[PDB]
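K.L.:
Here's a sequence, model it:
(10 chains)
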Amino acid sequence: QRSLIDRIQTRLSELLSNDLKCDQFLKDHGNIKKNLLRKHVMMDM
Amino acid sequence: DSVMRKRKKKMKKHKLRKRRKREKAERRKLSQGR
Amino acid sequence: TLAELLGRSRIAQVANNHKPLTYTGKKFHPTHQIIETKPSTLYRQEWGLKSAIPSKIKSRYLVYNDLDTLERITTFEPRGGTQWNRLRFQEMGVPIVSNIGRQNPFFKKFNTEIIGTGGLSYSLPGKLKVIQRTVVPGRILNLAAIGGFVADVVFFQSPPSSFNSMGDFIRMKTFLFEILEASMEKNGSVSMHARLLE
Amino acid sequence: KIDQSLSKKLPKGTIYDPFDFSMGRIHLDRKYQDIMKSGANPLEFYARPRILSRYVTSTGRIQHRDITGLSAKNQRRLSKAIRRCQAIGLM
Amino acid sequence: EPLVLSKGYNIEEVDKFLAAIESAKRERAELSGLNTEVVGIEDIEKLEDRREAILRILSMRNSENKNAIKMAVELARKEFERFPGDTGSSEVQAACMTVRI
Amino acid sequence: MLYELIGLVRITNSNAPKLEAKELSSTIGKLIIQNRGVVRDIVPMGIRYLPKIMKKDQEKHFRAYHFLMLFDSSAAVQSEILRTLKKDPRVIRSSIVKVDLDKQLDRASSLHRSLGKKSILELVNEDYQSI
Amino acid sequence: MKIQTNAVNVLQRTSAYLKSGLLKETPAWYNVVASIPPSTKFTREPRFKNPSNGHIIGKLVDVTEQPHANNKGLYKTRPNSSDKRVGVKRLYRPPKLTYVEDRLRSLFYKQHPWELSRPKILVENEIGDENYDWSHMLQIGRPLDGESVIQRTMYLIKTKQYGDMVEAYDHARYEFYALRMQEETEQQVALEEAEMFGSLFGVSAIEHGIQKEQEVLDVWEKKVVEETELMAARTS
Amino acid sequence: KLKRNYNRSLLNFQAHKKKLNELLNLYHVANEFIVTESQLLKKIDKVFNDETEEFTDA
RNA sequence: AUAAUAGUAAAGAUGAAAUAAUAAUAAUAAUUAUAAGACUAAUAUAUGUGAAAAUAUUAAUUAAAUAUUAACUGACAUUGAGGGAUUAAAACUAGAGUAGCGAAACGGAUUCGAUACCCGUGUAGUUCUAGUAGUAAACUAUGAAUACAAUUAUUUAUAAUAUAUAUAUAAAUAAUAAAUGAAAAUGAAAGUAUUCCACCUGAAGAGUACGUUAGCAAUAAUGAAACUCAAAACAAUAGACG
RNA sequence: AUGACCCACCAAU
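P.N.:
Numbers count the residues shown, from 1 in each chain, chains lettered A, B, ... in the order given. Sure, structure below:
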């Protein structure tokens, strides 16, 4: 369970540094759009 | 005033003496069948 | 910066210490740092403490624990005078084995234990002033306080007449002693030996 | 030969001073003259009537926090241990 | 009921945890350079009692009513809970006050 | 729960000093056992002249054989043990005090707890060393 | 007292008298306290950051600003008691000027108590002209003291010539010892040499050590002359 | 919700494992004796028969 | 108190003395020894713990009461007419007990007198057990709750620190600022505000009469009017007085 | 000024 928090938090959080690498991400899947990060990030796992 | 309160004391004590005299009248012919 | 200024303040150069100003406990190492004042400031009645030191004080050396306190006064004892004892150690000219000085002469993350001479000595152990030292006079306790440092009196033969000569004033009488040597127990205590020339 | 109350006998270890060698000093000192105190549940010693025998005016009496000077809790548990020891046969 | 105990100590866990020792004891000796002798049964008799005492020394029949209650509140919360965990639901709080009442 | 009985038994055998003491130590025990409860640690405290002459059964016992038994049983058995004790002419001044183990699973005897120790398993490895 | 009014309001007060007739000629000072108006606000103005330890005074750790289960292996989500105990007085409360150098000062003086015994020039002289290159544990004007050792360890931790504070201080600790060791020899040399070169000395350290002590003995001897004897009559 | 569940889970977990550790810390080894008629005879008869512990100290 | 014991002439009490079943029946004192009761020194600050009554000899059982996190609940509360519950000392009704204390009583003092103070016996009672009753200066003479406001020193709870230190929190206690106040003084309330309940409207007459309810009872609650005054009360001040 | 009256003392921590 704790693992989930790791990766889950880690990437959304990691996205802190990636408003560019998220670009790669934003695509794969497809403000509150930041909230859109946790949106599909959460689903992955 | 404590002195004023003490006067109550003299008055309650005086009434207690009357009560003792009234106590004789109480529990007597007046409070039984009347 | 205000703090930068204070971070270098002489007031802070002096560390804090609330050790009693009477310390009835047996004393070996000093408890506080004496504050030296130029005669000028003394007449100006200035000592750099929170409150000016009373003219009643005529020394130029005092020790302070509380810049100022609830009692609206500064807690200080104008009897700070270790300046004499340590100097007398120099007047006595004797070095301390200091256990073994591996590499560094005093050797030893934090050297809290076995601090070393404790600033009582910064001279090469061996020197030729030793020429049989300099028979420093000491006040026989029975042990003999030499230059403010008690040293056990030793002699070729026990001389009772010498003690009888001073009677009960054995400490009052001062006899020159060829100091055998001194040592700093890890508790920062100097143990030395005297040479009663009687 | 001389009386005790007039002659400091600083041990050699210490640092004797010119004043230090004075009567004033002697008077001064006089003026300014314990595993339980260390921090061990004083009650645990509900039996060991030996340990409790200490903080006792030697008259079956415990001491006001002017002498004992033990922590409120330490002293009260020490007092309770003494009272409990009275119940526990020994002392 | 008989065989109940305190602080979450279901007898089974005891049976299974106590059992762990059996596995461990023997397997500790399988390796190294020391052989197997009296450990053929490790005093079934002694181990039997060891556990026994444990049971007396952890038997509600020999503990404190407070402890039986500590067990109860749980039972109730777990019969009146809204989900695994909820302990604030009015019925949970009510049920809990009930045991005590 | 864990109880303790610093009882002071009397003695009469100019010879054996721990005669009755041991005989009673058996009694109490036999019963602490046949009743769901574990005896734990017994710590003979030997003999110590009583601070005062404790008159028991008009015998004025000036001394007694202190002893301690660390035991564990239901209230009743613990209560009952009190009854047994006072009512045992041999014992002179009994006492059962509690030793809550809520925090420490295994509690030592009061004594060791003031000796610095705290548990028998601890007090056992304390001697385990050997083998 | 209570924030008074008739203290910083003199001009207002005099003005009235000056406009009516109670006064005929203005109090000379009149203009000065007009040109330089008196600060009247006496507000307990608030503080926001500690002037020293650089700490901040005014922040809250919103939970989101955190995600690592505490050492106490636990992800905290709900704000905690203190984390909701309106701490406004703290802002006004003056913060403590904590300095790690002060710890080093005490540490050195504890390790070297004779340094405390050594006279120090606490009296601060025009602190303004004191720019000191501290790559060396010696400076013109400033004397030798454990304080120098402290200001020295700073280079070794600022410039980073060495590593942590403990190692840094020691590097200079041995630097200090040397200066002290050489000084000790220098001290003896003056005398020895001067002693072996036409030098006479009226009193030495041993001399004050004996004269003052023997002086004290005058009082003690006379004192016991009354105490011991008085008891003989007090008991005979 | 997920982190809350983990917080509640790790707490319950820590308490039970300690419970288990202490249970096999003494109940696993507590004299391995007192609980039977035979053993009591052994300990009691191995007490005053050789050693006695009193204060008095050294 | 009661024998045992040995010891001798007083004892004991008070300002000083009297007495009583004190002691020539051998007392008191002493030292042993039985029995009977109540109480609980130091510690011990009632710090504290309790709603308030209350409450510090020991233990056993039962039960309530802590802080801090964590999970949950999801405004579920603020406190309250009436009601209910508890409720000191005395008193009462049963049953046991009864050492000491001590109303009443009686005696001895003192005094002008002394149904007092003092002293000797000493009964109701003080103890328990089951009740009953429901009042105290049951007073911090200060109803409960919440939000807030300037300092210091001590407790002290407690986290933390690089435990033994100096720090951050709370909590209490003691001095105050402001503010309030007739002042005395209150001081995180007698301050700034909000909410709810109780209660007051001159003094006498009166917490009386009467009615009504409750009680085994003493009583408790409820609670008027006529008549008569310009009085009556409190904090601060001088002054006289002890 | 309204303004005929004032009355009690007993012995110590």
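
K.L.:
what about the strands in chain F?
P.N.:
Secondary structure of chain F, counting by DSSP state E: strands at F:2-5, F:7-9, F:39-42, F:48-54, F:61-67, F:69-72, F:91-93, F:96-99.

K.L.:
Save these as TSV, and put in mean neighbour count too.
P.N.:
For the C-beta atoms, the positions are set from N, CA and C on the backbone; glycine is no exception. Written out in TSV, the entries for the strands of chain F read as follows (neighbours: other CB atoms under 10 Å in any protein chain shown):
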stretch	mean neighbour count
strand F:2-5	23
strand F:7-9	28
strand F:39-42	24
strand F:48-54	14
strand F:61-67	22
strand F:69-72	26
strand F:91-93	24
strand F:96-99	16
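
K.L.:
what would those look like in CSV with distance to RNA strand I?
P.N.:
As requested, the strands of chain F are exported to CSV (distance: least, CB to the nearest atom of the strand, whole Å):
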stretch, distance to RNA strand I
strand F:2-5, 7
strand F:7-9, 12
strand F:39-42, 15
strand F:48-54, 8
strand F:61-67, 11
strand F:69-72, 10
strand F:91-93, 11
strand F:96-99, 3
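
K.L.:
any chance of those strands in a markdown table, with distance to residue E:6 too?
P.N.:
Below are the strands of chain F laid out as a markdown table (distance: least, CB to CB, whole Å):
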| stretch | distance to residue E:6 |
| --- | --- |
| strand F:2-5 | 13 |
| strand F:7-9 | 28 |
| strand F:39-42 | 17 |
| strand F:48-54 | 37 |
| strand F:61-67 | 30 |
| strand F:69-72 | 13 |
| strand F:91-93 | 32 |
| strand F:96-99 | 16 |
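
K.L.:
In CSV, list the ones you listed along with distance to chain H.
P.N.:
Formatted as CSV, those follow (distance: least, CB to the nearest CB, whole Å):
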stretch, distance to chain H
strand F:2-5, 11
strand F:7-9, 11
strand F:39-42, 4
strand F:48-54, 6
strand F:61-67, 8
strand F:69-72, 8
strand F:91-93, 16
strand F:96-99, 13
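
K.L.:
so which of those comes closest to residue C:181?
P.N.:
strand F:48-54 (52.9 Å; CB to CB).

K.L.:
counting contacts, what elements does the closest one pack onto?
P.N.:
Helices and strands in packing contact with strand F:48-54 are listed as strand F:61-67, strand F:91-93; criterion 3 or more CB pairs under 8 Å, 6 or more residues apart in numbering or on different chains; DSSP states H and E.

K.L.:
So for chain A, which of these sits nearest?
P.N.:
Ranking the helices and strands packed on strand F:48-54 by their distance to chain A (criterion: CB to the nearest CB) puts strand F:61-67 first, at 53.7 Å.

K.L.:
Using CSV, write out the CA atom coordinates for the closest one.
P.N.:
What follows is strand F:61-67, C-alpha atoms only, in CSV (Å, rounded to 0.1, in the frame of the first residue of the first chain):
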residue,chain,number,x,y,z
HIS,F,61,7.5,-13.0,67.5
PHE,F,62,10.5,-10.6,67.8
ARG,F,63,11.9,-12.0,64.5
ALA,F,64,10.4,-13.6,61.4
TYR,F,65,11.6,-15.4,58.2
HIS,F,66,10.8,-12.9,55.4
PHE,F,67,10.2,-14.5,52.0
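
K.L.:
Run me through the strand neighbours of that strand, direction for each.
P.N.:
Looking at strand F:61-67 with DSSP bridges, its paired strands and their directions are strand F:7-9 (antiparallel), strand F:48-54 (antiparallel).

K.L.:
Report the closest residue of chain C relative to chain E.
P.N.:
Using CB to the nearest CB, the single residue of chain C nearest to chain E is residue C:109, 40.4 Å away.

K.L.:
residues near residue G:169, how many?
P.N.:
The local packing count at residue G:169 equals 25, with neighbours defined by other CB atoms under 10 Å in any protein chain shown.

K.L.:
May I see the buried residues of the helix or strand it falls within?
P.N.:
Here residue G:169, judged by DSSP states H and E, is contained in helix G:165-195. For helix G:165-195, burial by neighbour count (16 or more other CB atoms under 10 Å in any protein chain shown) applies to G:165, G:168-170, G:172-173, G:175-177, G:180-181, G:184, G:191.

K.L.:
touching RNA strand I at all, that helix?
P.N.:
No - applying CB under 7 Å from any atom of the strand, one finds helix G:165-195 separated from RNA strand I by no less than 8.2 Å.

K.L.:
Check which helices and strands that helix sits against.
P.N.:
Contacting helix G:165-195 under the criterion 3+ CB pairs under 8 Å, 6+ apart are the following elements: helix C:82-92, helix G:100-111, helix G:146-158.

K.L.:
what angle separates that helix from helix G:146-158?
P.N.:
Between the axis of helix G:165-195 and that of helix G:146-158 there is an angle of 140 degrees, by axes from the mean of the first three to the mean of the last three CA atoms, to 10 degrees.

K.L.:
Can you name the next helix or strand after helix G:165-195?
P.N.:
Note on helix G:165-195: by DSSP H and E, the next helix or strand toward the C-terminus is helix G:205-235.

K.L.:
Remind me what that next one packs against, helices and strands.
P.N.:
Helices and strands touching helix G:205-235, as assessed by 3+ CB pairs under 8 Å, 6+ apart, comprise helix C:82-92, strand C:136-140, strand C:174-177, helix D:23-31.

K.L.:
mind listing what residue F:42 touches?
P.N.:
Listed by CB atoms under 8 Å, 6 or more residues apart in numbering or on different chains, the contact partners of residue F:42 are F:25, F:67-70, H:43-44, H:47.
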